[PDB]
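Below is one structure, written out as structure tokens, with a few remarks after it.
Residue numbers (PDB author numbering): 10 to 13, 26 to 104, 132 to 179, 182 to 192, 194 to 196, 210 to 308, 326 to 391, 402 to 519, 531 to 617.
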């Protein structure tokens, strides 16, 4: 019984039922499915590979027509997860795709079962397939079969693995057994399934002469076609078991900063063309690049504070409440906000989130279109965009997706040029706190529990107890507000262990109460 079509079984089980428009694709999909199911049924492949072949079965309707019914599996398509390592299941899925002539394998086909296992979803074997050998290459000459296609020969070590699965499968087979397989997988098809026309359509399609003279029910005869099919399959498996300009990459050197690396890469990509070279991204050190970009940000901050440049004080609308663990404090040095906004997490490669200071910076970046801050922003944003695009390139090239690689290499070039262009226009007291401009009392009596507590929590990022927080906790006027803010639970979702931090602030406050 149905909801949404998504179905349901009495005790357990869930389903997907597609009704295909083409009469021929129904047979093609279903046949692939029953054939694979036959293989798994005979124990020709290990039970740890069964979820690696996700195929459909036939179902009977009220109408009297047939549908394609498929188990509901939790998986993410490949564009999702990317939008020598071992890919469990991939070689089985790809070898069986190749064997069955299912050649349009792509980012939408190959999905990722939960955890390690990887697979194939939609099968359309036997297209123009009694023809296109022994070169076995439809994956060029796309006589085909947004589609982001995979390359077999670029995925590292795929061919000997696939060929090993192939000869290993061959080991258990024989022509008679293959005949039993095709026959068995054919009897599971309703004799009713397709009319007499699309049968000759499929005879022409699969390029197999002996097809139009066969029936599909359990009470039918399909011998000649079973023999033909089995013969071909054996041939192709046997052929699978024996499968077989200059490269370029972007390399980092011993000691450089981010800007200069981007320079090297920029003039490489600019001078060189992308037609006489095959771009490699395997030896790209993204981690070290992120490291040196973070250093770059640190230094741009330090330079932007040594020279007495630069704030977002007025532009605040947040009022007094903390957003995401932080209230907005005007006396934050812009060289702190700078680092908080544009510093990449080391090994997850994602930007951190200062939800308190984002608005006040966005408007400001309007009205002060020509601000030094704005140019800093353009720059650092471009650097991290470079990092991101490189992530995409490496992850994509992991599975030999040339299209995504070239597109994002284009994007990479654009970002390099835009970085350098952006980067040549960048060339144009307080000891009581390390993160704040000098404050006084009574210009911070205008601050509430949340702002004051944000200050108190920020001050703990120092090794020594700074004079600022001392001035705050020494006073009992403020402790009502601050302790209230702590008791609000607003800071509980912070990153920097807010519990121990608060308890610490409390023991300090307690210390300043004896005398």
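Where a beta carbon is used, it is the ideal one built from N, C-alpha and C, also for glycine.
Quick one, which of 583, 343, 49 has its alpha-carbon nearest residue 473's?
Looking up residue 473 in the chain shown gives position 382. Among 583, 343, 49, the Cα nearest to that of residue 473 belongs to 343.
Below 7 Å between beta carbons: does that hold for residue 431 and residue 382?
For the purposes of this step, residue 431 is taken as residue 340 along the chain shown, with counting starting at 1. For the purposes of this step, residue 382 is taken as residue 301 along the chain shown, with counting starting at 1. No, they are not a contact pair.
N-terminal and C-terminal residue of the beta strand (DSSP E) that residue 522 is part of
Between 519 and 531 in the chain the model has nothing, and residue 522 is one of the residues in that span.
Starting from the Cα of residue 411, find the closest Cα among 100, 549, 600, 244 and give me that residue.
Stepping through the chain shown from its first residue, residue 411 is reached at position 320. Here the closest residue by C-alpha is 549.
Could you check what DSSP says for residue 608 in three-state terms: helix, strand or coil?
By 1-based counting over the chain shown, the position of residue 608 is 506. In this structure, residue 608 counts as helix in the three-state DSSP scheme.
To the nearest angstrom, how far is the alpha carbon of residue 490 from that of residue 176?
Residue numbering aside, residue 490 sits at position 399 when the chain shown is read from its first letter. Residue numbering aside, residue 176 sits at position 128 when the chain shown is read from its first letter. Approximately 26 Å, taken between the alpha carbons.
Could you compute how far the alpha carbon of residue 428 sits from the alpha carbon of residue 579?
As a first step, residue 428 must be located in the chain shown, where it is residue number 337. As a first step, residue 579 must be located in the chain shown, where it is residue number 477. Answer to the nearest angstrom: the Cα atoms are 28 Å apart.
Can you name the residues that DSSP bridges to residue 91?
One-based indexing of the chain shown puts residue 91 at position 70. For residue 91, which the question treats as bridged, DSSP gives the partners 37.
Alpha-carbon spacing of residue 106 relative to residue 607, whole angstroms
In the model as presented, the chain runs from 104 straight to 132, which leaves residue 106 without coordinates.
Classify residue 293 as buried or exposed, calling it buried when 16 or more other Cβ atoms lie within 10 Å of its own Cβ.
Residue mapping note: residue 293 aligns to position 229 of the chain shown, counting from 1. Looking at its Cβ environment, which holds 16 or more other Cβ atoms inside 10 Å, residue 293 is buried.
Quick check on DSSP: helix, strand or coil for residue 65?
Sequence index remark: in the chain shown, residue 65 carries index 44 (1-based). Reduced to three states, the DSSP call for residue 65 is coil.
Using a Cβ-Cβ cut-off of 6 Å (strictly less than) and excluding sequence neighbours within five positions of residue 604, which residues of its own chain qualify?
The count along the chain shown starts at 1 and reaches residue 604 at position 502. Here the set comprises 588.
Applying the 10 Å Cβ sphere with the 16-neighbour rule, what's the burial state of residue 422?
The residue you call residue 422 lines up with position 331 of the chain shown. So residue 422 ends up on the buried side.
Anyone know if the C-beta pair for residue 52 and residue 258 falls short of 7 Å?
The residue labelled residue 52 in the question sits at position 31 within the chain shown. The residue labelled residue 258 in the question sits at position 194 within the chain shown. No, the Cβ-Cβ distance between residue 52 and residue 258 is not below 7 Å.
Unbroken alpha helix (DSSP H) runs of length 4 or more, entirely within the stretch 546–611: which are they?
551–561, 569–575, 578–590
Delimiting residues of the beta strand (DSSP E) encompassing residue 329
As a working note, residue 329 is residue 248 in the chain shown. Its beta strand (DSSP E) spans residues 327–329.
With DSSP run on the structure shown, which of helix, strand or coil describes residue 211?
Against the chain shown, residue 211 aligns to sequence position 147. Looking at residue 211 - three-state DSSP - the assignment turns out to be coil, as it is neither helix nor strand.
Pairwise C-alpha distance: residue 174 and residue 263:
Mapped onto the chain shown, residue 263 falls at position 199. Mapped onto the chain shown, residue 174 falls at position 126. The alpha-carbon atoms of residue 263 and residue 174 are separated by roughly 14 Å.
Nearest residue (CA-CA) to residue 229, options 67, 482, 163:
One-based indexing of the chain shown puts residue 229 at position 165. For the residues 67, 482, 163, the minimum Cα distance to residue 229 belongs to 67.
Excluding the 5 residues preceding and the 5 following residue 466 in the sequence, name in chain order all residues of the same chain whose CB lies nearer than 8 Å to its CB.
On the chain shown, position 375 is the one that residue 466 refers to. These residues qualify, in order along the chain: 513, 516, 517.
Check for me: the alpha helix (DSSP H) holding residue 243 runs from which residue to which?
Taking the chain shown and counting its residues from 1, one reaches residue 243 at position 179. That run of the alpha helix (DSSP H) goes 239–251.
Tell me the DSSP bridge mates of residue 81?
Working through the chain shown from its first residue, we reach residue 81 at position 60. Note: residue 81 sits in a beta bridge opposite 87.
Could you tell me which of 557, 551, 519, 552 sits nearest to residue 541, measuring between CA atoms?
Translated into positions along the chain shown, residue 541 becomes position 439. For the residues 557, 551, 519, 552, the minimum Cα distance to residue 541 belongs to 557.
Between residue 265 and residue 189, what straight-line distance do the alpha-carbon atoms span, to the nearest angstrom?
Translated into the one-based positions of the chain shown, residue 265 becomes position 201. Translated into the one-based positions of the chain shown, residue 189 becomes position 139. If I take the Cα positions, the gap works out to 24 Å.
Give me the Cβ distance between residue 250 and residue 280, rounded to the nearest whole Å; I'm assuming they're in contact under 8 Å.
As a working note, residue 250 is residue 186 in the chain shown. As a working note, residue 280 is residue 216 in the chain shown. Right, their Cβ atoms sit about 6 Å apart.
Would a C-beta distance cut-off of 7 Å place residue 360 and residue 329 closer than the cut-off?
Against the chain shown, residue 360 aligns to sequence position 279. Against the chain shown, residue 329 aligns to sequence position 248. Against a cut-off of 7 Å, the Cβ pair of residue 329 and residue 360 comes out as a contact.
Spell out the partners DSSP gives residue 303 in its beta bridges.
Position 239 of the chain shown, counted from the first residue, corresponds to residue 303. Looking at the DSSP assignment, residue 303 forms no beta bridge with any residue, so it has no partner.
For residue 149 and residue 289, the rounded distance between their alpha carbons:
Numbered from its first residue, the chain shown carries residue 289 at position 225. Numbered from its first residue, the chain shown carries residue 149 at position 101. It is roughly 17 Å from the alpha-carbon of residue 289 to the alpha-carbon of residue 149.
Whole-number beta carbon distance between residue 564 and residue 614, since they are thought to touch under 8 Å:
Position 512 of the chain shown holds residue 614. Position 462 of the chain shown holds residue 564. Not quite, the Cβ-Cβ distance comes to about 17 Å (not below 8 Å), so this is no contact.
For the stretch 87–95 against the stretch 68–79, do three or more pairs of beta-carbon atoms, one drawn from each stretch, fall closer than 8 Å, so that the two count as touching?
yes
Between 568, 93, 55, which has its C-alpha nearest residue 29's C-alpha?
Taking the chain shown and counting its residues from 1, one reaches residue 29 at position 8. For the residues 568, 93, 55, the minimum Cα distance to residue 29 belongs to 93.
Looking only at DSSP bridge pairs, what is residue 29 linked to?
As a working mapping, residue 29 is identified with position 8 in the chain shown. Paired residue(s): 35.
According to DSSP, is residue 412 helix, strand or coil?
Mapped onto the chain shown, residue 412 falls at position 321. Three-state DSSP puts residue 412 in coil, outside helix and strand.
From residue 58 to residue 482, what does the alpha carbon distance come to, in whole angstroms?
For this step, residue 58 is matched to residue 37 along the chain shown. For this step, residue 482 is matched to residue 391 along the chain shown. Residue 58 and residue 482: Cα-Cα distance of roughly 38 Å.
In whole angstroms, give me the CA-to-CA distance for residue 220 and residue 424.
As a first step, residue 220 is located in the chain shown; it is residue number 156 there, counting from the start. As a first step, residue 424 is located in the chain shown; it is residue number 333 there, counting from the start. Computed Cα separation, rounded: 49 Å.
Is it buried or exposed, residue 138, if we count other Cβ atoms within 10 angstroms and call 16 or more buried?
Sequence index remark: in the chain shown, residue 138 carries index 90 (1-based). When all chains shown are included, residue 138 counts as buried.
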